[PDB]
>>> print(open('data.csv').read())   # CSV, C-alpha atoms and all ligand atoms
chain,number,residue,atom,x,y,z
X,12,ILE,CA,0.0,0.0,0.0
X,13,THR,CA,1.4,3.4,-1.0
X,14,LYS,CA,0.1,6.3,1.2
X,15,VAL,CA,0.9,9.9,0.5
X,16,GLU,CA,-0.1,12.6,2.9
X,17,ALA,CA,-1.9,15.6,1.3
X,18,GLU,CA,0.1,18.0,3.5
X,19,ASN,CA,3.3,16.7,1.8
X,20,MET,CA,2.1,17.4,-1.8
X,21,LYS,CA,2.4,20.5,-3.9
X,22,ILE,CA,-0.4,22.9,-2.9
X,23,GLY,CA,-1.7,25.4,-5.5
X,24,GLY,CA,-4.5,27.8,-6.2
X,25,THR,CA,-5.8,31.0,-4.7
X,26,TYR,CA,-7.0,29.6,-1.4
X,27,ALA,CA,-5.7,26.1,-0.7
X,28,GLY,CA,-3.5,25.5,2.3
X,29,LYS,CA,-2.4,23.1,5.0
X,30,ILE,CA,-4.8,22.4,7.8
X,31,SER,CA,-4.6,20.8,11.2
X,32,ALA,CA,-8.4,20.3,11.7
X,33,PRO,CA,-10.2,18.0,11.2
X,34,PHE,CA,-6.8,16.3,10.5
X,35,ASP,CA,-3.4,17.3,9.3
X,36,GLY,CA,-4.0,17.7,5.6
X,37,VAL,CA,-5.0,20.3,3.0
X,38,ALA,CA,-8.2,22.2,2.4
X,39,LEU,CA,-9.6,22.9,-1.1
X,40,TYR,CA,-12.1,25.8,-1.4
X,41,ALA,CA,-12.5,26.9,-5.0
X,42,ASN,CA,-12.0,25.7,-8.5
X,43,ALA,CA,-8.1,26.4,-9.2
X,44,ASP,CA,-7.2,24.9,-5.8
X,45,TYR,CA,-5.4,21.6,-5.9
X,46,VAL,CA,-2.9,19.3,-4.4
X,47,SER,CA,-0.6,17.2,-6.6
X,48,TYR,CA,2.5,15.1,-6.8
X,49,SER,CA,4.2,12.7,-9.2
X,50,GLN,CA,3.7,9.0,-8.7
X,51,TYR,CA,5.6,6.1,-10.5
X,52,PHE,CA,3.4,3.2,-11.4
X,53,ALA,CA,4.4,-0.3,-12.5
X,54,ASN,CA,0.8,-1.5,-12.9
X,55,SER,CA,-2.0,0.0,-14.9
X,56,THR,CA,-4.8,-0.6,-12.5
X,57,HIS,CA,-5.3,0.4,-8.8
X,58,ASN,CA,-7.8,0.9,-6.1
X,59,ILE,CA,-7.5,4.4,-4.7
X,60,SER,CA,-8.8,5.6,-1.3
X,61,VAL,CA,-8.8,9.2,0.1
X,62,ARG,CA,-9.6,10.1,3.7
X,63,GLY,CA,-11.4,13.4,3.7
X,64,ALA,CA,-14.3,15.5,5.1
X,65,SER,CA,-16.6,18.3,4.2
X,66,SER,CA,-16.5,21.8,5.6
X,67,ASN,CA,-20.3,21.5,6.2
X,68,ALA,CA,-23.0,18.9,6.9
X,69,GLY,CA,-23.5,18.6,3.1
X,70,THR,CA,-21.4,17.4,0.3
X,71,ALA,CA,-17.9,18.3,-0.9
X,72,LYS,CA,-16.7,16.5,-4.1
X,73,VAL,CA,-13.1,15.9,-5.0
X,74,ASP,CA,-11.9,14.9,-8.5
X,75,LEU,CA,-9.0,12.5,-8.8
X,76,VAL,CA,-6.8,13.3,-11.9
X,77,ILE,CA,-4.1,10.8,-12.9
X,78,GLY,CA,-1.9,11.8,-15.8
X,79,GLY,CA,-4.4,14.5,-16.7
X,80,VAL,CA,-7.4,12.2,-16.8
X,81,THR,CA,-10.2,12.8,-14.4
X,82,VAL,CA,-10.8,9.1,-13.3
X,83,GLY,CA,-13.6,9.7,-10.8
X,84,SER,CA,-14.7,11.8,-7.9
X,85,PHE,CA,-14.8,11.2,-4.1
X,86,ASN,CA,-17.9,12.3,-2.2
X,87,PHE,CA,-17.2,13.6,1.3
X,88,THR,CA,-20.6,14.4,2.9
X,89,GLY,CA,-20.6,15.7,6.4
X,90,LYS,CA,-18.0,17.0,8.9
X,91,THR,CA,-16.8,13.6,10.1
X,92,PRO,CA,-13.9,12.2,8.1
X,93,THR,CA,-14.4,9.1,6.1
X,94,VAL,CA,-12.3,6.9,3.7
X,95,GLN,CA,-13.8,7.0,0.2
X,96,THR,CA,-12.8,4.7,-2.6
X,97,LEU,CA,-12.5,4.4,-6.4
X,98,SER,CA,-11.9,0.8,-7.2
X,99,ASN,CA,-10.3,-0.8,-10.3
X,100,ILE,CA,-9.2,2.4,-11.9
X,101,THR,CA,-7.1,1.9,-15.1
X,102,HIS,CA,-4.5,4.5,-16.0
X,103,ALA,CA,-1.1,4.9,-17.7
X,104,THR,CA,2.1,3.5,-16.2
X,105,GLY,CA,5.4,5.2,-15.5
X,106,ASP,CA,5.5,8.6,-14.0
X,107,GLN,CA,2.1,10.2,-13.7
X,108,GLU,CA,0.8,13.3,-12.0
X,109,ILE,CA,-1.7,12.7,-9.3
X,110,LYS,CA,-4.0,15.7,-8.6
X,111,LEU,CA,-6.9,16.2,-6.3
X,112,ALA,CA,-9.2,19.3,-6.9
X,113,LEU,CA,-12.8,20.2,-6.2
X,114,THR,CA,-15.2,18.8,-8.8
X,115,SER,CA,-17.1,22.2,-8.8
X,116,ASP,CA,-16.6,25.8,-7.4
X,117,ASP,CA,-20.3,26.5,-6.5
X,118,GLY,CA,-21.8,23.0,-6.5
X,119,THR,CA,-20.2,22.0,-3.4
X,120,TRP,CA,-18.8,22.7,0.0
X,121,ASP,CA,-15.1,22.7,0.7
X,122,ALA,CA,-13.0,19.6,1.0
X,123,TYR,CA,-10.5,18.6,3.6
X,124,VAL,CA,-8.0,16.0,2.4
X,125,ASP,CA,-6.0,13.9,4.7
X,126,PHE,CA,-4.1,11.4,2.5
X,127,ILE,CA,-4.4,9.2,-0.6
X,128,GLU,CA,-3.6,5.5,-0.7
X,129,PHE,CA,-3.0,3.3,-3.7
X,130,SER,CA,-3.3,-0.4,-3.7
X,131,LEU,CA,-3.6,-3.2,-6.1
V,201,CA,CA,-2.6,13.9,6.5
V,202,MG,MG,-15.7,26.6,-1.6
>>> encode(input="data.csv", output="structure tokens")
Amino acid sequence: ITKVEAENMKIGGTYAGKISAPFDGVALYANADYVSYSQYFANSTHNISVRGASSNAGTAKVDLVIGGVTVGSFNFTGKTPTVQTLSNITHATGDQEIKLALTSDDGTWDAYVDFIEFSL
């Protein structure tokens, strides 16, 4: 299992920044916010989990982008952190950018991101 902490990734956008609550991680608030890093892959398919939370009782949605492809979105509804999963995602091998960003600007609340975990 490969786990990467959001707070150790590149943080970009107008608003995004490291957080300590509701965990050590990064918050994403508006469309151009992101976290990213480069991951080497030997295999073309993984299960991907992210621990995250919403800023509010309602929904925050986070796109997962691998090598520029939006492969799916994690739904974090409510203030309590959960682990959300995208299973059996195929992608390119070798060095690939991994990026997390809000799915919308106005459609959803803000996302808190703790870590990402890849597994086979
Ligand atoms: Ca973390
Ligand atoms: Mg927002």
>>> residues_near_point(input="data.csv", point="(-4.1, 4.8, -0.1)", cutoff="6 Å", atoms="only C-alpha atoms", output="PDB file with C-alpha atoms, in the coordinates of the input")
ATOM      1  CA  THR X  13       1.400   3.400  -1.000  1.00  0.00           C
ATOM      2  CA  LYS X  14       0.100   6.300   1.200  1.00  0.00           C
ATOM      3  CA  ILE X  59      -7.500   4.400  -4.700  1.00  0.00           C
ATOM      4  CA  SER X  60      -8.800   5.600  -1.300  1.00  0.00           C
ATOM      5  CA  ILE X 127      -4.400   9.200  -0.600  1.00  0.00           C
ATOM      6  CA  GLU X 128      -3.600   5.500  -0.700  1.00  0.00           C
ATOM      7  CA  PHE X 129      -3.000   3.300  -3.700  1.00  0.00           C
TER       8      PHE X 129
END
>>> residues_near_ligand(input="data.csv", ligand="ligand MG 202 (chain V)", cutoff="7 Å", atoms="all atoms listed in the file", output="PyMOL selection string")
chain X and resi 40-41+116-117+119-121
>>> closest_residue(input="data.csv", among="X:73, X:109, X:64, X:20", to="residue 91 of chain X", atoms="all atoms listed in the file")
X:64
>>> atom_distance(input="data.csv", atom1="atom CA of residue 28 of chain X", atom2="atom CA of residue 62 of chain X")
16.6 Å
>>> residues_near_ligand(input="data.csv", ligand="ligand CA 201 (chain V)", cutoff="7 Å", atoms="only C-alpha atoms and all ligand atoms", output="ChimeraX atom specification")
/X:16-18,34-36,125-126
>>> closest_residue(input="data.csv", among="X:130, X:66, X:79, X:49", to="residue 30 of chain X", atoms="only C-alpha atoms")
X:66
>>> atom_distance(input="data.csv", atom1="atom CA of residue 87 of chain X", atom2="atom CA of residue 113 of chain X")
10.9 Å
>>> closest_residue(input="data.csv", among="X:12, X:71, X:43, X:76", to="residue 27 of chain X", atoms="only C-alpha atoms")
X:43
>>> closest_residue(input="data.csv", among="X:55, X:77, X:90, X:47", to="residue 32 of chain X", atoms="all atoms listed in the file")
X:90
>>> closest_residue(input="data.csv", among="X:56, X:42, X:88, X:50", to="residue 68 of chain X", atoms="all atoms listed in the file")
X:88
>>> build_atoms(input="data.csv", residues="segment 54-84 of chain X", atoms="N, CA and C atoms", output="compact mmCIF listing (two decimals), in the coordinates of the input")
# COMPACT_ATOMS: atom_id res chain seq x y z
N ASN X 54 2.03 -0.86 -12.44
CA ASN X 54 0.80 -1.50 -12.90
C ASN X 54 -0.17 -0.44 -13.38
N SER X 55 -1.00 -0.85 -14.36
CA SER X 55 -2.00 0.00 -14.90
C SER X 55 -3.31 0.16 -14.18
N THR X 56 -3.57 -0.66 -13.17
CA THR X 56 -4.80 -0.60 -12.50
C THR X 56 -4.63 -0.59 -10.95
N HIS X 57 -5.32 0.33 -10.25
CA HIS X 57 -5.30 0.40 -8.80
C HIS X 57 -6.64 0.70 -8.22
N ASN X 58 -6.75 0.34 -6.93
CA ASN X 58 -7.80 0.90 -6.10
C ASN X 58 -7.19 2.10 -5.37
N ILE X 59 -8.01 3.15 -5.24
CA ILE X 59 -7.50 4.40 -4.70
C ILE X 59 -8.49 4.88 -3.62
N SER X 60 -7.95 5.13 -2.42
CA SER X 60 -8.80 5.60 -1.30
C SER X 60 -8.21 6.99 -0.88
N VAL X 61 -9.13 7.87 -0.47
CA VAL X 61 -8.80 9.20 0.10
C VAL X 61 -9.58 9.31 1.38
N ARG X 62 -8.90 9.69 2.48
CA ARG X 62 -9.60 10.10 3.70
C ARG X 62 -9.82 11.60 3.62
N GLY X 63 -11.07 12.01 3.80
CA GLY X 63 -11.40 13.40 3.70
C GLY X 63 -12.68 13.73 4.45
N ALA X 64 -13.07 15.01 4.38
CA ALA X 64 -14.30 15.50 5.10
C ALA X 64 -14.77 16.72 4.35
N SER X 65 -16.02 17.08 4.62
CA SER X 65 -16.60 18.30 4.20
C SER X 65 -16.47 19.41 5.22
N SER X 66 -16.44 20.66 4.76
CA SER X 66 -16.50 21.80 5.60
C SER X 66 -17.89 21.95 6.31
N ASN X 67 -18.90 21.26 5.76
CA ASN X 67 -20.30 21.50 6.20
C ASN X 67 -20.97 20.10 6.33
N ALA X 68 -22.23 20.14 6.82
CA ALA X 68 -23.00 18.90 6.90
C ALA X 68 -23.23 18.30 5.52
N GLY X 69 -23.27 19.12 4.47
CA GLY X 69 -23.50 18.60 3.10
C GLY X 69 -22.25 18.19 2.40
N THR X 70 -22.36 18.13 1.08
CA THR X 70 -21.40 17.40 0.30
C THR X 70 -20.30 18.30 -0.28
N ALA X 71 -19.08 17.75 -0.20
CA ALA X 71 -17.90 18.30 -0.90
C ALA X 71 -17.46 17.13 -1.86
N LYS X 72 -17.15 17.47 -3.09
CA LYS X 72 -16.70 16.50 -4.10
C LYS X 72 -15.33 16.82 -4.57
N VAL X 73 -14.47 15.79 -4.66
CA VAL X 73 -13.10 15.90 -5.00
C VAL X 73 -12.77 15.05 -6.24
N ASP X 74 -12.38 15.66 -7.35
CA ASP X 74 -11.90 14.90 -8.50
C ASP X 74 -10.51 14.36 -8.28
N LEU X 75 -10.31 13.13 -8.75
CA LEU X 75 -9.00 12.50 -8.80
C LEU X 75 -8.56 12.55 -10.30
N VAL X 76 -7.41 13.16 -10.54
CA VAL X 76 -6.80 13.30 -11.90
C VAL X 76 -5.53 12.52 -11.88
N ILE X 77 -5.39 11.57 -12.80
CA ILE X 77 -4.10 10.80 -12.90
C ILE X 77 -3.67 10.99 -14.36
N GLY X 78 -2.47 11.54 -14.51
CA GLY X 78 -1.90 11.80 -15.80
C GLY X 78 -2.83 12.65 -16.67
N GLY X 79 -3.50 13.62 -16.05
CA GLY X 79 -4.40 14.50 -16.70
C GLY X 79 -5.80 14.00 -16.99
N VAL X 80 -6.06 12.75 -16.65
CA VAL X 80 -7.40 12.20 -16.80
C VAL X 80 -8.14 12.22 -15.54
N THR X 81 -9.34 12.81 -15.56
CA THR X 81 -10.20 12.80 -14.40
C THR X 81 -10.82 11.37 -14.34
N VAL X 82 -10.41 10.56 -13.37
CA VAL X 82 -10.80 9.10 -13.30
C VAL X 82 -11.99 8.87 -12.46
N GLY X 83 -12.42 9.85 -11.67
CA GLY X 83 -13.60 9.70 -10.80
C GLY X 83 -13.55 10.81 -9.77
N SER X 84 -14.58 10.82 -8.92
CA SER X 84 -14.70 11.80 -7.90
C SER X 84 -15.08 11.16 -6.55
